[PDB]
Amino acid sequence: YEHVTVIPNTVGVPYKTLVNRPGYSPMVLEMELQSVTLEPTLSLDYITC
Amino acid sequence: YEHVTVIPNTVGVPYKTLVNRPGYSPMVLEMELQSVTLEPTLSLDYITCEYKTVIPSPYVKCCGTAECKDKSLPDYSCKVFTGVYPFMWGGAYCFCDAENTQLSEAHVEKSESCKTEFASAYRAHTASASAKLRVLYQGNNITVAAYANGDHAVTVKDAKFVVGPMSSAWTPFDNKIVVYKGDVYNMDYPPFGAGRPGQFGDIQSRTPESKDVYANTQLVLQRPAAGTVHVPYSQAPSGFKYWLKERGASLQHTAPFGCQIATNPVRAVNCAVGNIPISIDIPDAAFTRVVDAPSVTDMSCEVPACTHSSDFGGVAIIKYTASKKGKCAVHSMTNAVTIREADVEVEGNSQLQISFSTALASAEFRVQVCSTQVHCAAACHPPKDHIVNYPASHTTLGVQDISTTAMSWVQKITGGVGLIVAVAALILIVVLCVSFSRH
Ligand SMILES: *[C@@H]1O[C@H](CO)[C@@H](O)[C@H](O)[C@H]1NC(C)=O
Ligand SMILES: *[C@@H]1O[C@H](CO)[C@@H](O)[C@H](O)[C@H]1NC(C)=O
């Protein structure tokens with residue numbers, strides 16, 4: 001019951017995914033991105049003022 | 001009619017049987033065997049238990065020489081030791097210095113525990129089989145029971161029937177069996193009066209209250225220490241008392257085909273071996289005339305979803321047109337497909353949905369609904385799960401097993417060479433017939 005799919009990294013575009021498990025009515029799920037955050041690991045060297 | 005059928009000895013799989021009386025609507029009877037018990041004939045050989053070493057006070061013969069008296073006790077042991085000078089709290093028990101002797105005597109008996117704590121050695125030879133069968137007869141579940149030898153007719157609700165004899169005579173019990181409280185062991189116990197010391201059967205009696213007993217315990221009395229009043233003797237390590245350690249595994253776990261062993265009485269339950277014949281006679285009152293049953297037309301079958309699995313993974317919707325309201329029997333003419341439902345209520349121009357089990361990936365099968373066959377073409381998919389906790393019910397499949405594209409593929413692969421062989425034969429013929437007009 002694990003469905004693996006690949007969606008483009010674009011916010012605000014609804015994507016349709018069809019899960020068809022045999023003997024069950026097909027189901028379409030719409031997926032929507034809202035934010036993709038890239039948090040880098042920071043290391044403070046020094047400050048200036 | 002008198003209907004004879006053979007069903008496999010497997011618990012939890014319901015089998016449907018089609019009774020076809022000419023001029024009468026077919027009748028489907030659903031039978032499922034609940035339990036099959038194999039109670040073997042028991043012959044009590046003997047009982048064994050813990051012994052008790054009865055050791056009386058030693059006969060100290062002071063200033064004299066003691067004499068052993070010959071008694072007929074089992075494992076009777078007596079030994080006279082010379083030159084004993086035993087000491088008590090206030091010195092020597094004997095006035096004489098050296099001519100005093102110690103007579104040591106000992107004998108073995110059954111312990112009291114023999115009435116409660118005991119092992120029995122039985123001789124099992126033949127088993128009487130009996131079965132309890134549930135039959136879906138006329139919309140009702142009826143439960144019957146009879147011994148499956150083929151010579152016990154049971155008539156319930158006007159249905160006369162007899163069961164067995166079993167096709168296979170296999171039994172999990174051997175000739176020699178040993179029974180202890182709730183555990184049964186297949187063991188070649190030593191015969192009665194020939195036990196070995198330190199082994200199973202060192203002390204044997206015939207019944208829990210008998211008075212004579214056989215014993216082979218190797219009791220050997222040793223010489224007592226100087227000035228010590230005690231009775232040293234060689235220990236008799238009871239084979240029964242440590243029998244409870246090297247037992248291994250009882251037959252409950254080791255018997256093949258999943259036989260369950262119970263005691264009081266000892267019996268083998270649900271031994272999945274072979275098939276069983278059952279003959280059921282029933283007069284015409286259960287039967288319904290072909291004219292009295294509704295007829296049908298314009299039958300079509302569609303399988304919108306099918307998966308070949310242990311459960312009812314196939315569902316088929318049959319659109320039809322009938323003539324009147326009534327009960328109709330459904331039966332598969334193909335052994336590879338099994339329908340859960342046996343009887344349906346037909347009305348008119350309606351449609352029916354049935355659940356079926358199959359092991360074949362494709363299923364081209366004809367179903368005789370209301371004494372009329374309809375062909376259904378299906379394709380079934382493998383299931384996601386590998387382990388089921390209940391056994392399958394669609395197991396009847398072999399090597400001539402129809403499938404999907406496969407047989408078209410083996411057709412397309414069989415583009416043989418016989419055309420090229422024929423044109424080479426033509427060349428050979430036209431060479432021979434230049435001068436082969438005679439032979
Ligand atoms: C219980 O003990 C009685 C007497 O000691 C004996 O006759 C009987 O077989 C025993 N039953 C069980 C189930 O142990
Ligand atoms: C008969 O018993 C079986 C199992 O208990 C059940 O599935 C079936 O519906 C019953 N049928 C009737 C008519 O009682």
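Please enumerate the residues belonging to region A:1-45 that are in a strand (DSSP E or B) and among the aromatic types (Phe, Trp, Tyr). Across region A:1-45, the qualifying residue is only A:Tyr15. Residues in region B:139-148: is at least one more than 23 Å from B:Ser250 (Cβ to Cβ), more than 14 Å from chain A (Cβ to nearest Cβ), within 16 Å of ligand 2 (Cβ to nearest atom) and touching an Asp or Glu at 6+ places or on another chain (Cβ under 8 Å)? Yes, there is a match, as at least one residue in region B:139-148 is more than 23 Å from B:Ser250 (Cβ to Cβ), more than 14 Å from chain A (Cβ to nearest Cβ), within 16 Å of ligand 2 (Cβ to nearest atom) and touching an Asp or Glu at 6+ places or on another chain (Cβ under 8 Å).
The residues listed here are B:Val178, B:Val266; of these, the one that is among the hydrophobic types (A, V, I, L, M, F, W, C), within 16 Å of ligand 1 (Cβ to nearest atom), surrounded by 12 or more Cβ atoms within 10 Å (Cβ to Cβ) and free of Cβ contacts under 8 Å to residues at least 60 places away in the same chain is B:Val178. Taking the condition within 16 Å of ligand 1 (Cβ to nearest atom), in a loop (DSSP other than H, G, I, E, B) and touching a strand residue (DSSP E or B) at 6+ places or on another chain (Cβ under 7 Å), does B:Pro172 pass? No.
Scanning region B:381-402 for residues that are farther than 28 Å from B:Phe257 by Cβ and surrounded by 13 or more Cβ atoms within 10 Å (Cβ to Cβ) yields a count of 2. Taking region B:254-263 as the range and being under 13 Å from B:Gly182 (Cβ atoms) and either without any contact (Cβ under 8 Å) to a residue 60 or more places away in the chain or within 16 Å of ligand 2 (Cβ to nearest atom) (or both) as the test, the residues that pass are B:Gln260, B:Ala262. Reported count of residues in region B:297-346, each being more than 14 Å from chain A (Cβ to nearest Cβ) and free of Cβ contacts under 8 Å to residues at least 12 places away in the same chain, is 0.
Do any strands (runs of 3 or more DSSP E) lying entirely in region B:104-156 carry at least 2 residues that are surrounded by 20 or more Cβ atoms within 10 Å (Cβ to Cβ), and which ones are they? Walk me through it before giving the result.
On the way: elements: B:119-123, B:127-137, B:140-147, B:154-156.
Strands (runs of 3 or more DSSP E) meeting the threshold: B:119-123, B:127-137.
Of the numbered criteria (1) of a type in the set (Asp, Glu); (2) closer than 30 Å to B:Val231 by Cβ; (3) touching a strand residue (DSSP E or B) at 6+ places or on another chain (Cβ under 9 Å), the one B:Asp97 fails is (3). Here the condition is being aliphatic (A, V, I, L, M), out of contact with any strand residue (DSSP E or B) (no Cβ under 7 Å at 6 or more places or on another chain) and surrounded by 12 or more Cβ atoms within 10 Å (Cβ to Cβ); of B:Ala363, B:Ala406, B:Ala424, B:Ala378, it holds for B:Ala406 alone.
Restricting the first member to region A:2-23 and to residues that are more than 14 Å from chain B (Cβ to nearest Cβ) and surrounded by fewer than 10 Cβ atoms within 10 Å (Cβ to Cβ), and the second to residues that are in a loop (DSSP other than H, G, I, E, B) and not charged (D, E, K, R), the beta-carbon pairs closer than 8 Å and six or more apart or on different chains are A:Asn9/A:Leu33; A:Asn9/A:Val36; A:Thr10/A:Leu33; A:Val11/A:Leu33; A:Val11/A:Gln34; A:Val11/A:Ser35; A:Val11/A:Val36; A:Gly12/A:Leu33.
For every residue, the table says whether it meets (1) touching an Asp or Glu at 6+ places or on another chain (Cβ under 8 Å); (2) in a strand (DSSP E or B).
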| position | (1), (2) |
| --- | --- |
| B:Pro208 | no, no |
| B:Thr217 | yes, no |
| B:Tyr242 | no, no |
| B:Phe257 | no, no |
| B:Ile276 | no, yes |
| B:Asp284 | no, no |
| B:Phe287 | no, no |
| B:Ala293 | no, no |
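With the structure loaded, tell me whether B:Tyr185 is more than 16 Å from ligand 2 (Cβ to nearest atom), crowded, with 19+ Cβ neighbours inside 10 Å and closer than 24 Å to B:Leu42 by Cβ or whether it fails that test. It is true that B:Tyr185 is more than 16 Å from ligand 2 (Cβ to nearest atom), crowded, with 19+ Cβ neighbours inside 10 Å and closer than 24 Å to B:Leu42 by Cβ.
Each value in this text was obtained by applying a stated rule to the coordinates, not by laboratory testing. Quick reminder, even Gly has a Cβ in these numbers, built from the backbone with ideal geometry, and neighbours come from all protein chains shown.
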